[PDB]
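Trainee: Provided below: structure31.cif, containing mmCIF, C-alpha atoms and all ligand atoms.
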data_work
loop_
_atom_site.label_atom_id
_atom_site.label_comp_id
_atom_site.auth_asym_id
_atom_site.auth_seq_id
_atom_site.Cartn_x
_atom_site.Cartn_y
_atom_site.Cartn_z
CA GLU A 1 -24.69 -30.70 28.68
CA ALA A 2 -21.80 -28.24 28.39
CA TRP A 3 -19.50 -31.25 28.62
CA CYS A 4 -20.50 -32.98 25.38
CA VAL A 5 -19.83 -29.64 23.69
CA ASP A 6 -16.14 -29.42 24.86
CA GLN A 7 -16.33 -32.99 23.59
CA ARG A 8 -17.93 -32.22 20.23
CA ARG A 9 -15.73 -29.39 19.04
CA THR A 10 -12.56 -30.97 20.46
CA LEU A 11 -13.37 -33.82 18.13
CA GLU A 12 -12.82 -31.41 15.29
CA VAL A 13 -9.38 -30.47 16.61
CA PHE A 14 -8.56 -34.20 16.62
CA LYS A 15 -9.63 -34.62 12.99
CA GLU A 16 -7.46 -31.61 12.23
CA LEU A 17 -4.16 -32.69 13.81
CA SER A 18 -4.77 -36.21 12.57
CA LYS A 19 -4.06 -34.68 9.16
CA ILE A 20 -0.58 -33.80 10.50
CA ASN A 21 0.53 -36.53 12.87
CA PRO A 22 -2.18 -39.22 13.05
CA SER A 23 0.02 -41.52 15.15
CA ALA A 24 -0.17 -39.05 18.03
CA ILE A 25 -3.84 -38.06 17.95
CA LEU A 26 -5.03 -41.65 17.49
CA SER A 27 -2.81 -42.87 20.33
CA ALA A 28 -4.15 -40.04 22.52
CA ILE A 29 -7.71 -41.20 21.89
CA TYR A 30 -7.48 -44.99 22.11
CA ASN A 31 -4.62 -44.83 24.67
CA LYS A 32 -2.73 -47.70 22.99
CA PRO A 33 0.45 -46.72 21.35
CA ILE A 34 -0.65 -46.88 17.73
CA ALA A 35 1.26 -45.97 14.59
CA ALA A 36 -0.74 -44.61 11.67
CA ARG A 37 -0.20 -42.94 8.32
CA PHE A 38 -2.07 -40.07 6.68
CA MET A 39 -3.79 -40.80 3.39
CA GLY A 40 -6.34 -38.33 2.10
CA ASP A 41 -9.57 -38.09 3.99
CA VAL A 42 -8.98 -41.47 5.54
CA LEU A 43 -5.89 -42.20 7.67
CA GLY A 44 -4.72 -45.90 7.60
CA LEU A 45 -3.35 -47.98 10.46
CA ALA A 46 0.08 -49.67 9.83
CA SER A 47 1.74 -52.13 12.28
CA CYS A 48 5.24 -52.22 13.78
CA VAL A 49 8.34 -54.45 14.07
CA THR A 50 10.77 -54.19 16.98
CA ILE A 51 14.41 -54.25 15.86
CA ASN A 52 17.69 -55.23 17.52
CA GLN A 53 17.49 -52.37 19.94
CA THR A 54 21.21 -52.28 20.67
CA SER A 55 22.49 -51.45 18.43
CA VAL A 56 21.10 -48.38 16.73
CA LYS A 57 23.57 -45.66 15.84
CA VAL A 58 23.12 -41.92 15.36
CA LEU A 59 25.13 -40.34 12.54
CA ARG A 60 26.69 -36.98 13.38
CA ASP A 61 26.06 -35.08 10.15
CA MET A 62 22.48 -34.11 9.30
CA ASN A 63 23.45 -32.57 5.99
CA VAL A 64 22.58 -34.71 3.01
CA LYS A 65 25.10 -35.39 0.25
CA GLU A 66 24.16 -34.02 -2.07
CA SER A 67 23.53 -31.17 -1.58
CA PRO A 68 23.28 -28.18 0.65
CA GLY A 69 20.94 -26.77 1.21
CA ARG A 70 19.20 -30.11 1.76
CA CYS A 71 19.34 -31.14 5.44
CA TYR A 72 17.61 -33.87 7.45
CA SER A 73 15.05 -32.62 9.96
CA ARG A 74 15.89 -35.62 12.11
CA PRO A 75 19.24 -37.32 12.81
CA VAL A 76 19.89 -40.30 10.54
CA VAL A 77 20.31 -43.74 12.02
CA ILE A 78 21.78 -47.18 11.37
CA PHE A 79 20.05 -50.17 12.90
CA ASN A 80 19.65 -53.92 12.74
CA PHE A 81 16.69 -56.22 12.74
CA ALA A 82 17.55 -59.33 14.79
CA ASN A 83 18.01 -62.17 14.32
CA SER A 84 19.87 -60.59 11.40
CA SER A 85 22.76 -58.31 10.48
CA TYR A 86 21.80 -56.30 7.43
CA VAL A 87 22.72 -52.70 8.21
CA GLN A 88 19.88 -50.33 7.28
CA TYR A 89 19.45 -46.57 7.16
CA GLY A 90 16.45 -45.24 9.04
CA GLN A 91 16.00 -41.74 10.44
CA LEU A 92 15.13 -41.51 14.15
CA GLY A 93 11.45 -40.64 14.33
CA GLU A 94 10.14 -39.60 17.73
CA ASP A 95 9.17 -42.00 20.53
CA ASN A 96 11.78 -44.48 19.29
CA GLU A 97 10.24 -45.18 15.89
CA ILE A 98 12.83 -45.71 13.20
CA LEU A 99 11.83 -44.29 9.83
CA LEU A 100 11.97 -46.39 6.65
CA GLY A 101 12.11 -44.20 3.54
CA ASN A 102 10.09 -41.07 4.30
CA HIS A 103 13.12 -38.99 5.31
CA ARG A 104 11.99 -35.71 6.91
CA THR A 105 14.25 -33.30 5.00
CA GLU A 106 13.59 -30.14 5.14
CA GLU A 107 15.97 -27.64 3.59
CA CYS A 108 19.07 -26.05 5.15
CA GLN A 109 18.37 -22.99 7.30
CA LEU A 110 21.30 -21.38 9.15
CA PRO A 111 21.86 -21.21 11.99
CA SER A 112 20.05 -24.18 13.48
CA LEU A 113 20.07 -25.68 16.96
CA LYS A 114 17.78 -28.63 17.57
CA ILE A 115 18.11 -31.51 20.01
CA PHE A 116 16.66 -34.97 19.57
CA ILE A 117 15.68 -37.56 22.15
CA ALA A 118 16.21 -41.21 21.29
CA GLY A 119 15.60 -43.71 24.06
CA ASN A 120 17.04 -41.97 27.10
CA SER A 121 19.71 -39.61 25.74
CA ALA A 122 19.37 -36.24 24.02
CA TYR A 123 21.55 -35.32 21.04
CA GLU A 124 22.19 -31.62 20.46
CA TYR A 125 22.82 -30.68 16.83
CA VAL A 126 24.12 -27.13 16.58
CA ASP A 127 24.54 -26.52 12.85
CA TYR A 128 23.14 -29.77 11.46
CA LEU A 129 26.39 -31.08 12.88
CA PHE A 130 26.48 -32.80 16.24
CA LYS A 131 27.79 -30.87 19.26
CA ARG A 132 27.06 -32.62 22.52
CA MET A 133 25.09 -35.17 24.48
CA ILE A 134 22.49 -33.44 26.64
CA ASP A 135 21.39 -34.45 30.14
CA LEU A 136 17.79 -35.64 29.66
CA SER A 137 17.12 -34.99 33.35
CA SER A 138 18.35 -31.40 33.09
CA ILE A 139 15.38 -30.58 30.88
CA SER A 140 12.37 -29.58 33.00
CA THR A 141 9.03 -30.92 31.76
CA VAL A 142 5.79 -28.98 31.31
CA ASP A 143 3.20 -30.23 33.74
CA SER A 144 -0.15 -29.02 32.46
CA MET A 145 -2.88 -30.87 34.39
CA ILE A 146 -5.88 -28.74 35.25
CA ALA A 147 -6.60 -30.76 38.36
CA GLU B 1 -12.79 -39.42 36.17
CA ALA B 2 -13.92 -38.40 32.69
CA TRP B 3 -12.29 -35.04 33.39
CA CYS B 4 -8.68 -36.20 33.66
CA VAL B 5 -9.23 -37.88 30.29
CA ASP B 6 -10.22 -34.61 28.46
CA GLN B 7 -7.11 -33.52 30.35
CA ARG B 8 -4.88 -36.40 29.28
CA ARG B 9 -5.50 -36.43 25.55
CA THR B 10 -5.66 -32.62 25.33
CA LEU B 11 -2.12 -32.76 26.64
CA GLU B 12 -1.20 -34.52 23.43
CA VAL B 13 -2.73 -31.73 21.35
CA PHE B 14 -0.55 -29.30 23.31
CA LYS B 15 2.61 -31.28 22.59
CA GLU B 16 1.53 -31.26 18.96
CA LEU B 17 0.96 -27.53 18.40
CA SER B 18 4.01 -26.79 20.52
CA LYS B 19 5.90 -28.21 17.54
CA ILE B 20 4.39 -25.35 15.48
CA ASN B 21 4.08 -22.29 17.68
CA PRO B 22 5.43 -23.10 21.16
CA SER B 23 5.11 -19.49 22.31
CA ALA B 24 1.33 -19.76 22.10
CA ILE B 25 0.73 -23.19 23.62
CA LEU B 26 3.16 -22.59 26.48
CA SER B 27 1.62 -19.20 27.24
CA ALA B 28 -1.84 -20.82 27.17
CA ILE B 29 -0.74 -23.34 29.80
CA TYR B 30 1.29 -21.27 32.26
CA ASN B 31 -0.81 -18.12 31.59
CA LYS B 32 2.27 -15.86 31.58
CA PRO B 33 3.11 -14.39 28.27
CA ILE B 34 6.12 -16.52 27.40
CA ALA B 35 8.19 -16.57 24.23
CA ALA B 36 9.72 -19.89 23.22
CA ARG B 37 11.48 -21.48 20.28
CA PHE B 38 11.11 -24.95 18.77
CA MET B 39 14.16 -27.17 18.80
CA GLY B 40 13.70 -30.87 18.12
CA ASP B 41 11.95 -32.87 20.76
CA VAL B 42 12.67 -30.21 23.33
CA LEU B 43 11.44 -26.61 22.91
CA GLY B 44 13.69 -23.94 24.61
CA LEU B 45 12.61 -20.81 26.46
CA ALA B 46 14.18 -17.49 25.22
CA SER B 47 13.67 -14.09 26.95
CA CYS B 48 12.58 -10.71 25.58
CA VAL B 49 13.72 -7.06 25.31
CA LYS C 1 1.52 -5.48 28.83
CA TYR C 2 2.51 -6.88 25.45
CA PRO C 3 5.32 -4.40 24.64
CA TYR C 4 7.36 -4.08 21.46
CA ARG C 5 9.75 -6.90 22.15
CA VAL C 6 12.61 -8.74 20.51
CA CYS C 7 13.10 -12.24 21.93
CA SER C 8 16.14 -14.53 21.80
CA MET C 9 17.85 -17.33 23.72
CA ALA C 10 20.58 -15.84 25.92
CA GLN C 11 22.47 -18.70 27.57
CA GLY C 12 22.51 -22.37 26.58
CA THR C 13 19.81 -23.28 29.10
CA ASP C 14 16.95 -23.45 29.77
CA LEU C 15 14.59 -25.75 27.94
CA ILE C 16 11.20 -27.37 28.55
CA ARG C 17 10.04 -30.64 27.07
CA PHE C 18 6.68 -32.39 26.90
CA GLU C 19 6.02 -35.93 28.01
CA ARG C 20 3.09 -38.14 28.96
CA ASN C 21 3.17 -37.07 32.59
CA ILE C 22 -0.51 -37.32 33.58
CA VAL C 23 -1.83 -40.81 34.31
CA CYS C 24 -5.43 -41.72 35.08
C1 LIG D 201 22.17 -57.23 17.64
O1 LIG D 201 21.74 -57.64 18.96
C2 LIG D 201 22.39 -58.84 19.43
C3 LIG D 201 21.76 -59.17 20.76
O2 LIG D 201 22.51 -58.61 21.83
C4 LIG D 201 23.89 -58.60 19.51
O3 LIG D 201 24.54 -59.79 19.96
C5 LIG D 201 24.43 -58.18 18.15
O4 LIG D 201 25.82 -57.92 18.21
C6 LIG D 201 23.68 -56.95 17.65
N1 LIG D 201 24.17 -56.53 16.35
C7 LIG D 201 24.83 -55.38 16.17
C8 LIG D 201 25.29 -55.10 14.77
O5 LIG D 201 25.03 -54.60 17.09
MG MG D 202 -11.81 -29.98 27.35
#
I need this file expressed as structure tokens, please.
Ligand SMILES: *[C@@H]1O[C@H](CO)[C@@H](O)[C@H](O)[C@H]1NC(C)=O
Ligand SMILES: [Mg+2]

Mentor:
Amino acid sequence: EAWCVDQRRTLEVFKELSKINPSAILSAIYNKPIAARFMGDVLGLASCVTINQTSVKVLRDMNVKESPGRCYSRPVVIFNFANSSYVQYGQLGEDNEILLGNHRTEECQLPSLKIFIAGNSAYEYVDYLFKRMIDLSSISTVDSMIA
Amino acid sequence: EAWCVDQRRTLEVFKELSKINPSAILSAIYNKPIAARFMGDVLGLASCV
Amino acid sequence: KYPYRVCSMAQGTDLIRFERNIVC
């Protein structure tokens, strides 16, 4: 009895964060990885295309030209579909999604320090400029399981 | 069985609100009061005075 | 308890990340 109540209200947290990042909450429910886009009261589905993999390249400046103070919230990227060789400009979404035209930018606050994981390497950006590769295994990971 | 599933998806709500106010979600998990700052995909720790 | 604090990141380390680490 008490169970379906944890269940019933924690539905309403799902509906809530769906309004923010529907990809995540939907995937969490149905377990599939599933991309999804927010639209109003009604959240549509959207399907993916896997690109060249190698190569994808991470550009070292996260400032936009022009101008300051307009800065990308995520590192910008150049990738290829394949078979093909048209060089495109995505923007490193999380969990290896490359972002078409919705460029998360986000206006220049100093001083920053964010680090972004793409594939299996972490890229530390100190002041919207790149600084160093970061050891992905150095970063301890929150285990949370109430067992 | 059904338990670890409330557990598994409500991990993904934690990861989500960590992106907003990591201090809170982290403290909620580990029970300590713990300050923390958002940085990218990777959320650093920070200590108080 | 919850004193009047000011919190910052001292050294470079240390950082925690999330990942999908529980599997049913
Ligand atoms: C795309 O991937 C193919 C497969 O390995 C590779 O031969 C090609 O050079 C890649 N293109 C670029 C621009 O890296
Ligand atoms: Mg629950």

Trainee: With all atoms listed in the file as the counted atoms, please give the residues lying no more than 10 Å from residue A:87, apart from itself and same-chain residues fewer than 6 positions off, as a list in words.

Mentor: residues 56, 78, 79, 80 and 81 of chain A

Trainee: Identify, counting only C-alpha atoms and all ligand atoms, the protein, DNA and RNA residues located within 6 Å of ligand LIG 201 (chain D), and give them as a list in words.

Mentor: residues 52, 54, 55, 82 and 85 of chain A

Trainee: Excluding same-chain residues fewer than 2 positions from stretch 21-31 of chain B, what lies within 10 Å of it counting only C-alpha atoms, as a PyMOL selection string?

Mentor: (chain A and resi 142-146) or (chain B and resi 13-19+33-39+43-46) or (chain C and resi 16)

Trainee: Hey, list the chain A side of the contact with chain B: 8 Å cut-off, all atoms listed in the file, answer as a list in words.

Mentor: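 Residues satisfying the distance criterion: residues 7, 14, 17, 24, 25, 28, 29, 74, 94, 113, 114, 115, 116, 117, 144, 145, 146 and 147 of chain A.
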
Trainee: Using only C-alpha atoms, pick whichever of C:14, C:24, C:9, C:2 has the shortest atom-to-atom distance to chain A.

Mentor: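 Answer, going by the shortest atom-to-atom distance: C:14.
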
Trainee: Here is a test: counting all atoms listed in the file, which residue of A:31, A:63, A:105, A:73 is nearest to chain C?

Mentor: A:31

Trainee: Give me, as an NGL selection string, the contact residues of chain C against chain B at a cut-off of 6 Å, counting all atoms listed in the file.

Mentor: :C and (5-9 or 15-17)

Trainee: If we count only C-alpha atoms, which residues of chain A reach to within 6 Å of chain C? Please list them as JSON, numbers by chain.

Mentor: {"A": [139, 140, 141, 142]}

Trainee: One number please: atom CA of residue A:135 to atom CA of residue A:34, in Å, one decimal.

Mentor: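 About the pair atom CA of residue A:135 and atom CA of residue A:34: they are 28.2 Å apart.
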
Trainee: Nearest to ligand MG 202 (chain D): which of A:127, A:6, A:16, A:41 is it, counting only C-alpha atoms and all ligand atoms?

Mentor: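 Using only C-alpha atoms and all ligand atoms, the shortest distance to ligand MG 202 (chain D) belongs to A:6.
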
Trainee: So how many Å separate atom CA of residue A:99 and atom CA of residue A:67, to one decimal?

Mentor: 21.0 Å
